[PDB]
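**Student:** Experimental structure and sequence below.
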Amino acid sequence: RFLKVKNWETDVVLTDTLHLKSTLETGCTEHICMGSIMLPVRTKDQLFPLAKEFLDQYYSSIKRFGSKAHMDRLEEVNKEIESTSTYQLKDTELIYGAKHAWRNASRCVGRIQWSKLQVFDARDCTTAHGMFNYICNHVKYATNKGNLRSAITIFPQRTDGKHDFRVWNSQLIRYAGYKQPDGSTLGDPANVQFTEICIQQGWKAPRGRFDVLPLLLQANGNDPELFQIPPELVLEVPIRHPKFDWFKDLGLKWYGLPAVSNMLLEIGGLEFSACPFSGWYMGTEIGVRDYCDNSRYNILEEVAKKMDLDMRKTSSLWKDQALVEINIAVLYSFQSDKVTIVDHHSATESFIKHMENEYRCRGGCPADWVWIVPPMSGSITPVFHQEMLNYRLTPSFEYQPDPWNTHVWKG
Amino acid sequence: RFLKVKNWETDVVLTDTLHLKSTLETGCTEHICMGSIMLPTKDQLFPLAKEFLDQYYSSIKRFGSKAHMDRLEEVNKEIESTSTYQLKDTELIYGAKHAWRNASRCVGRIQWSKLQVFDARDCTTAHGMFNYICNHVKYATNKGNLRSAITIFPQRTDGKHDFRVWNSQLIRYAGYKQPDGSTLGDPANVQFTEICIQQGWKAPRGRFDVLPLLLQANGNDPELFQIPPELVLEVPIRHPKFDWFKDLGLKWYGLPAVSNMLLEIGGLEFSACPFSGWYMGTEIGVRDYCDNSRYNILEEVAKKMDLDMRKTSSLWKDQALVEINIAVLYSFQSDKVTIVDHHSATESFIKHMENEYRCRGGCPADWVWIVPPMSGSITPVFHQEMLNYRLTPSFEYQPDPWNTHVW
Ligand code: HEM
Ligand code: HEM
Ligand SMILES: Cc1cc(N)nc(C[C@@H]2CNC[C@@H]2OCCCCCc2cc(F)cc(Cl)c2)c1
Ligand SMILES: Cc1cc(N)nc(C[C@@H]2CNC[C@@H]2OCCCCCc2cc(F)cc(Cl)c2)c1
Ligand SMILES: C[C@H](O)[C@H](O)[C@H]1CNc2nc(N)[nH]c(=O)c2N1
Ligand SMILES: C[C@H](O)[C@H](O)[C@H]1CNc2nc(N)[nH]c(=O)c2N1
Ligand SMILES: [Zn+2]
C-alpha cells in the first residue's frame, strides 16, 4: 500500500511505504484518534522473532542480507536464546540499534543528526559507582566545553526485570524544586517529587533556585545511590538580553546539556532500561517550556512588568511579546558563550530536509506533528504546514514508569 | 472503552464516554496515526434518520414518548414513499446547532447554542440565494457587534440538483497572477478569481478586491452577484505604537463566513449552508498576514521595525509576527468589531470542554487545529489532552464545485 503526505505551503507530495514495516500499536483506531494523548521480563517464545527481525534489518543495512555471516549470526542467536533465555548484541549491532532508535523517534525534530551519535557501551557495568563514572565521562565527552556532541551510554539490558539498571533522574542535569509551606515553589516545579526523594535518601540540599540535582543510580536491581556530578563538569549559561540590560538581574541561568535518562531503549527484543542520551538544545525548550510554562519557572509576568507592557488585558499580547524576548535572550546567551544551540526556525527547516531525504532513501519518516511543531510561532515554521504520518518502528525509545513506583526496596 | 484525558498543566483528569456514540471513521488505525492529515439510498437513510430523531427526542426529555414514536413512523413512511424526508423546523435548528457542537476543529464552540438559524429551504434560484445571503451578512454583522448565524439552503435530492455557494467564504479578497511572476492580493483565491473573471466579473485588480458571490441553485450553472459594499464591514489595520504600520495599506473584513462545507443532519445533506461567527485574531494576523502562501508580509514589517534580518536566531520573524497580531486586535477593537484573542478563546474552550465532559460525557477535539498558530504552549489548550472522533450532525469538507459540476 502507498500513503501520501502533502505540504500545504509548497504542494510537495510524498509517498510513504515504510509504515508497512510498523508493528507496534499507535493507540488510535478507525473510531478514535489519540494523537494528542501523551501516553496512549519477556518469554523465550516471542524473543527470537524480534531478534530475527532486528538482525535481518541490520544485515540488509550493511548489504549482507542472506550472507553466510547473516545466517550464522541468526543461528548463533537462536542457540543462545534457547540455552540462556536471552542474547547479547555485538558492538556493531548495538551501535546500529541505538542510531536507529533515534532515527525512528517520531517526536524528535533533531533527527537530521541521527547518524552522528557517539555510542558508549557500558554493558560491563555492575554497580552504581560504576554507573556514576560512566555518566561523568558521558557528560564531559558530550559537553566538550560547549561544542556539544551527541552521545548515548548503554548499561546492561533487562534480565528478569528484578535486576534492572535505572537512572532515577529524568535528565542527567536538572534543578531541584522545593515546595514551600506557603504553597509556593522554590526552583523548578517539575522536579519537586524527585527532589523530595533525593532529600529523603540523604542529599543535603542548598535550597536555592538553580541547585543541580544529584544522580540517583540503581545498578542490578539494587536500591539507588546518590552521587553529586562534579560541578566543573556541569556547563551552565547565565541568561542575558542583547538590548535589555535589566534582563541579567532576573538571575536566570540554564545548563547547556539536555540529557534524557528515563527512557527505555528496545533493540531486537532486548530492553535497555538505562540508556541516558544527550544532544543539544533547541532554544524554545528552555525559553518557552522551562521558563514560561505556568507549571515551570513561570517568568512571563516578571519579564512583562520590566518591559512595561500593558498587562491589563490579554489582548495587548503582552505574554506573546515577553515570550519572544526571553527566547531571544536564551539564544543570545548560548551563542555569546559558544555553547551549541539551535533556533526553532533553523531546526524545523533542517527537519523538513531530513524528512524529505528519508522519504526518498528510506520510504518514510514517522513524525508526530503534535511534538514536532515548536511551542511558539508554530505556523511561521515550515513543519506546521507539513502533513506527517505517525507510526512506531523498532529499534525504539519508549517511556517507562518512574522507578520509585515499581522498585522493590531492599534497605 | 471508557477513556481519560489529562491536562498536564492542571492534572485535571476527565473521562470520555461520548466517543462510543461515534459513528464515522477517523483515518487512523492501530498501526498509523493520521492526526495531521488535512483530509484523512433508501437503505442507508432510515438508520441515519432514526439515530438523529432518537437523539433529538432524548434532548427534549421525550425519548420513547407518543410524540417520539409518532415522528419515527412519519419519517419512515416518508422515506418508504418519497426516498427522502423533511426536517421539522425544530429538528433543523437543533441539527445545525449540534453540527457546530460536534465540530472537533472549532475552538469557539462555547458559543454553540447561541446560533441563529435561517431556514432557506424554500429557496429556488441564485437570485433568491443572493437575497438570503445578503440578509445573513447584514444580520450577522450587526454593525460590528457580530452574531453567529447559518443559512440553510435546500437539501440534496438525487445529487444533480445541488445548491452550492462556489465561494470558500462569503467575503474573501481576490488573487491575481501578474506578468511579474508574483501574486497580487490573496494567493489562496487565484483559482476562484480566474473562474469569476472567466464567468464575467470586472476585476479592479487591486490588493483587496472583495470577490463576487458565485451562486448555484438546483444544480444549475452558477451566477455572479456583488455583495452591497455597505454590507461588507472592513477594518483598516493600524498599530497602537507604530505610526508607520497604517502605511502598509493593510485591511481585513470583519465577518468570517465559511460557505463551502456540507451540513449532514439525520442522513440528509445540505450542500449550501454558509455559517459565520467572529474572528480569533491569529486567524488574520498569523495565517492571513504571515503564511508564506498568504499575504506573506513579515519581511516588510520586520524591515520597518529595522530588526536584524541577517540570522533566523534574532527571532525577527517572531517579533514581527507578534506586532502584526497586536495591530489586528487593536484595530478591530478600536472600530468596535467583535474579535477574540487566542488567550481568551482557548481559555473559553477549556471551560467549554469541562462543561461538555460534565454535561455530555465528552467533547471531540482536534488538538492540531485547536492549538493557535502562535504561542501554542502559553495557551491552556496546549497542555490539554483531547480525543478526536466524528459525531453526527456534522460539517464536512466537500470537493470544490468546479471540479464536480456538470457545466
Ligand atoms: C542533537 C540535537 C537534538 C535536538 C535539537 C533534539 C530536539 C528534540 C526536541 C525539541 C524534542 C521534544 C522535546 C520536548 O519539547 O519535550 C525531542 C524529543 C526527543 N528526542 Fe531529540 N533532539 C536531539 C537529539 C536527540 C538524541 C541524541 C536522541 C537519542 C539518541 C533524541 C531522541 C529523542 C526522543 C526519544 C524524544 C521524545 C522524548 C519523549 O518522548 O519524552 N534526540 N528532540
Ligand atoms: C463564534 C466565534 C467562532 C470562533 C472564534 C471560531 C473559531 C474557529 C477557528 C479559529 C477555527 C480554525 C480556523 C482555521 O484555522 O482555519 C474554526 C474552525 C471551524 N469552526 Fe469555528 N468559530 C466560531 C464560530 C463558528 C460557527 C458559528 C460555526 C458553525 C455553525 C463554526 C464551525 C467551525 C467548523 C466546521 C470549523 C472547521 C472548518 C474546517 O474544517 O475547515 N465555528 N473555528
Ligand atoms: C508523560 C511523558 C511521556 C513522554 N514520552 N515524555 C515525557 C517528557 C516530557 C515532555 N516535555 C517535557 C518532558 O520532556 C523532557 C524530556 C525530552 C527532551 C528531549 C530533548 C533532547 C535533546 F537532546 C534536545 C532537546 Cl531540545 C530535547 C513525558
Ligand atoms: C482542504 C481544507 C479542508 C478543511 N477542512 N478546511 C480547509 C480550510 C482552510 C484551512 N486553513 C485555512 C482555511 O480555513 C479557513 C476557513 C475556516 C475559518 C473558520 C472560522 C470560522 C469562524 F467563524 C471564526 C474563525 Cl477565526 C474561523 C481546507
Ligand atoms: C496534551 C499534549 O499532547 C501535550 O501537552 C504535548 C503537546 N506537544 C508537546 N510537544 C513537545 N515537543 N513536548 C511536549 O511536552 C508536548 N506536550
Ligand atoms: C499539516 C497540518 O495538518 C495543517 O497545516 C494544519 C495544522 N493546523 C491547522 N490549524 C488550523 N486551525 N488551521 C489550519 O489550517 C491548520 N492547518
Ligand atoms: Zn490518530
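**Tutor:** Thanks, I have it. Residues are numbered from 1 along each chain as shown, chains lettered A, B, ... in the order given. Ligands and ions are numbered 1, 2, ... in the order given.

**Student:** Pull out the buried residues from the helix or strand that contains residue A:82.
**Tutor:** Residue A:82 is part of helix A:68-84 when elements are defined by DSSP states H and E. By neighbour count on 16 or more other C-beta atoms under 10 Å in any protein chain shown, the buried set for helix A:68-84 is A:70, A:73-74, A:77, A:81. Every residue, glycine included, has its C-beta placed from N, CA and C.

**Student:** ok, now stretch A:7-26?
**Tutor:** Counting neighbours by 16+ other C-beta under 10 Å, stretch A:7-26 gives A:7, A:9, A:14, A:16, A:18-19, A:22, A:26 as buried.

**Student:** picking up where we left off before, could you list the residues in contact with the helix holding residue A:82?
**Tutor:** Applying C-beta atoms under 8 Å, 6 or more residues apart in numbering or on different chains, the contact partners of helix A:68-84 are A:44, A:47-48, A:51-52, A:55-56, A:59, A:64, A:86-88.

**Student:** Let me know the next secondary structure element after it.
**Tutor:** With secondary structure assigned by DSSP H and E, helix A:68-84 is succeeded by helix A:91-103.

**Student:** touching ligand 3 at all, that next one?
**Tutor:** No - Helix A:91-103 is not in contact with ligand 3 by C-beta under 6 Å from any ligand atom; minimum separation 9.6 Å.

**Student:** How far off centre is that helix?
**Tutor:** 15 Å (C-alpha atoms, centre = their mean, to the nearest Å).

**Student:** how far away is residue A:104 from ligand 2?
**Tutor:** According to C-beta to the nearest ligand atom, to the nearest Å, residue A:104 stands 31 Å off from ligand 2.

**Student:** number of nearby residues for the closest residue to that residue other than its chain neighbours?
**Tutor:** Distances taken as C-beta to C-beta, 6 or more residues apart in numbering or on different chains place residue A:393 nearest to residue A:104, at 4.0 Å, with adjacent residues excluded. By other C-beta atoms under 10 Å in any protein chain shown, the residues close to residue A:393 number 22.

**Student:** does residue A:393 really touch residue A:366, like I thought?
**Tutor:** Yes - counting by C-beta atoms under 8 Å, residue A:393 touches residue A:366, with 6.2 Å between them.

**Student:** Between those two, which contacts overlap?
**Tutor:** A:18, A:22, A:104.

**Student:** Which helix or strand contains the residue nearest to residue A:104?
**Tutor:** Here residue A:393 is assigned to no helix or strand, by DSSP H and E.

**Student:** Contact partners for residue A:49?
**Tutor:** By C-beta under 8 Å, 6+ apart, the contact set of residue A:49 is residue A:269.

**Student:** gap between it and residue A:55?
**Tutor:** 11 Å (C-beta to C-beta, to the nearest Å).

**Student:** cool, and residue A:70?
**Tutor:** Using C-beta to C-beta, one obtains 7 Å as the distance from residue A:70 to residue A:55.

**Student:** for residue A:175, same thing?
**Tutor:** For residue A:175, the distance to residue A:55 - C-beta to C-beta - is 42 Å.

**Student:** Residue A:316 is in contact with residue A:310, correct?
**Tutor:** Yes - using C-beta under 8 Å, residue A:310 is in contact with residue A:316, at 4.1 Å.

**Student:** These two - which one has more neighbours?
**Tutor:** Taking neighbours as other C-beta under 10 Å, residue A:310 and residue A:316 compare with residue A:316 leading, 18 against 13.

**Student:** Check chain A for me, the residue farthest from its geometric middle.
**Tutor:** residue A:312 (38.2 Å; C-alpha atoms, centre = their mean).

**Student:** Secondary structure element holding it?
**Tutor:** Under the criterion DSSP H and E, no helix or strand holds residue A:312.

**Student:** So it versus chain B, what's the distance?
**Tutor:** 13 Å (C-beta to the nearest C-beta, to the nearest Å).

**Student:** and if you look at residue A:209?
**Tutor:** 21 Å.

**Student:** count of neighbours near that residue?
**Tutor:** 17.

**Student:** Could you report the separation of the residue nearest to residue A:104 from residue A:27?
**Tutor:** 16 Å.

**Student:** and if you look at residue A:338?
**Tutor:** According to C-beta to C-beta, residue A:338 and residue A:27 sit 42 Å apart.

**Student:** ditto for residue A:318
**Tutor:** In terms of C-beta to C-beta, residue A:318 sits 37 Å off from residue A:27.

**Student:** now do residue A:378
**Tutor:** Applying C-beta to C-beta, the value for residue A:378 to residue A:27 is 23 Å.

**Student:** Comparing these two, which residue is more hemmed in?
**Tutor:** residue A:378 (23 against 16).

**Student:** I'd like the distance between that one and residue B:363.
**Tutor:** 22 Å.

**Student:** Looking at chain A, which residue is nearest ligand 3?
**Tutor:** Here chain A gets closest to ligand 3 at one residue, residue A:279, 3.0 Å apart by C-beta to the nearest ligand atom.

**Student:** what about that residue, neighbour count?
**Tutor:** Other residues near residue A:279 come to 24 when the count uses other C-beta under 10 Å.

**Student:** my read: residue A:355 touches residue A:369, true?
**Tutor:** No - assessed by C-beta under 8 Å, residue A:355 is found out of contact with residue A:369, at 11.3 Å.

**Student:** Overlap in contacts, these two.
**Tutor:** With C-beta under 8 Å, 6+ apart as the test, residue A:355 and residue A:369 both reach A:386, A:388.

**Student:** about what we covered before: and the angle for the helix holding residue A:82 with helix A:91-103?
**Tutor:** In terms of direction (axes from the mean of the first three to the mean of the last three C-alpha atoms, to 10 degrees), helix A:68-84 departs from helix A:91-103 by 90 degrees.

**Student:** next one: helix A:68-84 to chain centre, how far?
**Tutor:** Relative to where its chain is centred, helix A:68-84 has its mean C-alpha point 32 Å off (C-alpha atoms, centre = their mean).
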